[PDB]
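Here's the structure we're looking at; comments come further down.
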Amino acid sequence: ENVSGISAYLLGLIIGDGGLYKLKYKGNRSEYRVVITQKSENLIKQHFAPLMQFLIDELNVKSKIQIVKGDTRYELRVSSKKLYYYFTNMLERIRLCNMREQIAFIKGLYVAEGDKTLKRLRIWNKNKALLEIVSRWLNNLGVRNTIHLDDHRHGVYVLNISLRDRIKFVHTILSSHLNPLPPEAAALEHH
DNA sequence: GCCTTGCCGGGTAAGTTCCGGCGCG
DNA sequence: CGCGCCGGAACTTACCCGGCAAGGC
Ligand SMILES: [Cl-]
Ligand SMILES: [Mn+2]
Ligand SMILES: [Mn+2]
């Protein structure tokens, strides 16, 4: 669908490094936000925002992409009730993604939550149920993995992809051309 | 002999929600 | 008056990073 692949990739970034927020203000004002945060403003302006802008155009969302500079990171923000529920409903229906959307979501989740050295292949999150979904997707794709409580202080689990299948994971998932390429896989392919 | 990975602590790159506007029926 | 889109940023921690060493072959 191409739109579905970019949607699933952005959802991984959103669930990873951002969030979906339903705000209630004085009064009774409101706001609906789709957010991705990141330290690198280059990565936000050059990789994340063009993908989000394409999705905004194909969905005929009229809200604009805001890029706000925070004290510790930049924030990509779309203030759109239509886009908020578009991603929210996708999240509740995530267990039904076809293989293409699964690969794209794992791409975005690893860009957000993954070990970027690629020396080890790990994904951190406190949402164990979300990692168990990704775990069964990876197993079905032939990528062996385990889940353990990695941070006993805060309750952060880790999904460790076995290095026995590091080539399978990096080549067939992170480097798939069926959906947008992550930054480090794109630099690897183009040398 | 060394590769893999469970477990851990450091601290910052994330996340979350409040503030003030404004437009529009 | 009610509700949704802008623009900013305060405020806490959930991630990532990287070292250690048990286990396996
Ligand atoms: Cl910064
Ligand atoms: Mn996260
Ligand atoms: Mn991240």
Side-chain angles (χ1 to χ4, degrees), chain A residues 10-45 47-49 52-53 55-57 59-88 91 105-132 134-135 138-139 143-170 174 182-185:
Chain A
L10 291 170
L11 189 61
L13 301 172
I14 290 156
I15 296 307
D17 278 339
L20 306 163
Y21 306 115
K22 172 178 165 70
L23 288 305
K24 303 177 248 297
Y25 298 156
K26 307 181 280 160
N28 314 77
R29 305 176 303 118
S30 66
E31 191 176 359
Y32 305 77
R33 284 186 179 177
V34 178
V35 173
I36 306 165
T37 66
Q38 201 83 358
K39 177 89 178 304
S40 167
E41 156 185 61
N42 277 10
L43 200 49
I44 276 187
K45 287 196 167 176
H47 183 69
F48 295 169
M52 184 67 75
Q53 187 72 68
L55 181 56
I56 287 185
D57 299 337
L59 297 179
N60 286 275
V61 175
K62 300 309 165 182
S63 296
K64 70 184 296 287
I65 292 184
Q66 310 182 48
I67 297 192
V68 184
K69 174 162 192 282
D71 54 339
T72 67
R73 85 292 173 272
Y74 286 83
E75 172 187 353
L76 188 157
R77 175 194 309 172
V78 188
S79 181
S80 170
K81 181 181 183 180
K82 180 159 135 72
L83 189 71
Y84 167 85
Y85 281 116
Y86 174 80
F87 282 118
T88 293
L91 180 58
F105 178 84
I106 298 175
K107 261 167 166 178
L109 190 64
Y110 198 95
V111 170
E113 316 276 76
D115 190 327
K116 252 66 75 181
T117 69
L118 306 193
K119 308 301 293 183
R120 323 170 66 166
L121 300 169
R122 303 176 282 175
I123 302 178
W124 292 272
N125 213 266
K126 292 185 61 163
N127 191 339
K128 185 181 178 186
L130 177 64
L131 292 184
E132 282 171 339
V134 177
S135 176
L138 291 177
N139 269 316
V143 182
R144 288 163 282 179
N145 64 91
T146 61
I147 301 176
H148 303 262
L149 181 61
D150 186 81
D151 191 335
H152 65 99
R153 307 162 294 177
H154 301 101
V156 182
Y157 297 88
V158 75
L159 190 160
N160 191 83
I161 287 137
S162 178
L163 297 184
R164 297 176 300 193
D165 310 321
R166 86 199 300 162
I167 290 176
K168 210 161 187 293
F169 181 72
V170 174
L174 288 184
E184 299 190 344

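Numbered from 1 within each chain, the chains take letters A, B, ... in sequence-line order. Computation of the quantities below employed the complete heavy-atom set of this structure, encompassing side-chain atoms and omitting hydrogens, waters and symmetry-equivalent molecules.
Considering A/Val134, A/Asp115, A/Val143 in turn, A/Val143 is the only one that fulfils the side-chain contact (heavy atoms from CB on, under 4.5 Å) rule with A/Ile161.
Residue A/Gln38 is in sugar-phosphate contact alone, with no base atom involved, counting any heavy-atom pair closer than 4.0 Å across all strands shown. Residue A/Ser30 is classed as a base contact, given a heavy-atom separation below 4.0 Å to a base. Looking at heavy-atom distances under 4.0 Å, A/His154 makes contact with a base. At the heavy-atom level, A/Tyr25 lies under 4.0 Å from base atoms of the strands shown. At the heavy-atom level, A/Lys119 lies nowhere under 4.0 Å from the strands shown. Here A/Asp115 lies in heavy-atom contact (under 4.0 Å) with sugar-phosphate atoms only. The residue A/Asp150 sits close to a base: some heavy atom pair falls under 4.0 Å. A/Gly16 comes within 4.0 angstrom of the backbone, heavy atoms only, and of no base. Within 4.0 Å (heavy atoms only), A/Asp17 reaches sugar-phosphate atoms of the nucleic acid but no base atom. At a threshold of 4.0 angstrom between heavy atoms, the contacts of A/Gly70 with the nucleic acid are absent. Backbone-only contact: A/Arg166 has heavy atoms under 4.0 Å from sugar-phosphate atoms and none from a base. Nucleic acid contact class of A/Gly27 (heavy atoms, under 4.0 Å, all strands): none. Contacts of A/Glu31 with the nucleic acid, taken as non-hydrogen atoms under 4.0 Å apart, include base atoms. In this structure, A/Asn125 reaches the sugar-phosphate backbone alone: every heavy-atom distance under 4.0 Å involves primed, P, OP1 or OP2 atoms, never a base.
Heavy-atom distances to DNA chain C give each of A/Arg73 and A/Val156 a nearest nucleotide, and the one nearer the 5′ end belongs to A/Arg73. Nucleotides of DNA chain B nearest to A/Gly19 and A/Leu149 differ in position, and the one nearer the 5' end is that of A/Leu149.
Distances shorter than 4.0 Å separate some side-chain N or O of A/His148 from OP1 or OP2 on B/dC7. Within the structure, every side-chain polar atom (N or O) of A/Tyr21 is placed at least 4.0 Å from both OP1 and OP2 of B/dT17. Distances shown here put a side-chain N or O of A/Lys26 below 4.0 Å from the OP1 or OP2 atom of B/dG20. Not one side-chain nitrogen or oxygen of A/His152 sits closer than 4.0 Å to the OP1 or OP2 atom of B/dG6. The phosphate of B/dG6 has OP1 or OP2 within less than 4.0 Å of a side-chain N or O from A/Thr146. Proximity of A/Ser162 to the phosphate of B/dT4: no side-chain N or O atom is located under 4.0 Å from OP1 or OP2. OP1 or OP2 of C/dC16 has not a single side-chain nitrogen or oxygen of A/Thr117 nearer than 4.0 Å.
With hydrogens and angles left out, the side chain of A/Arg122 and the base of B/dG6 share no donor-acceptor pair within 3.5 Å. A donor and an acceptor atom sit less than 3.5 Å apart, one in the side chain of A/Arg77 and one in the base of C/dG8. Donor-acceptor pairing under 3.5 Å, judged by distance alone, is absent between the side chain of A/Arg29 and the base of B/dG23.
Remark: the backbone N or O of A/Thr37 is not paired with any side-chain donor or acceptor of A/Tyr74 at under 3.5 angstrom. Using a distance-only test at 3.5 Å, with no hydrogens or angles considered, a donor-acceptor pair links the side chain of A/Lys116 to the main chain of A/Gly114.
A side-chain N or O of A/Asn145 and one of A/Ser135 form a donor-acceptor pair less than 3.5 Å apart.
The nearest whole Å value for the distance from the CG atom in A/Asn28 to the P atom in B/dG23 is 20 Å. The distance from atom NZ of A/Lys62 to atom P of B/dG23 is 20 Å, rounded to the nearest whole Å.
Nearest to the side chain of A/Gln66, among B/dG15, B/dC7, C/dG7, sits C/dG7.
In terms of heavy-atom proximity, A/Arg120 sits nearest to A/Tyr110 at O-OH, 3.4 Å.
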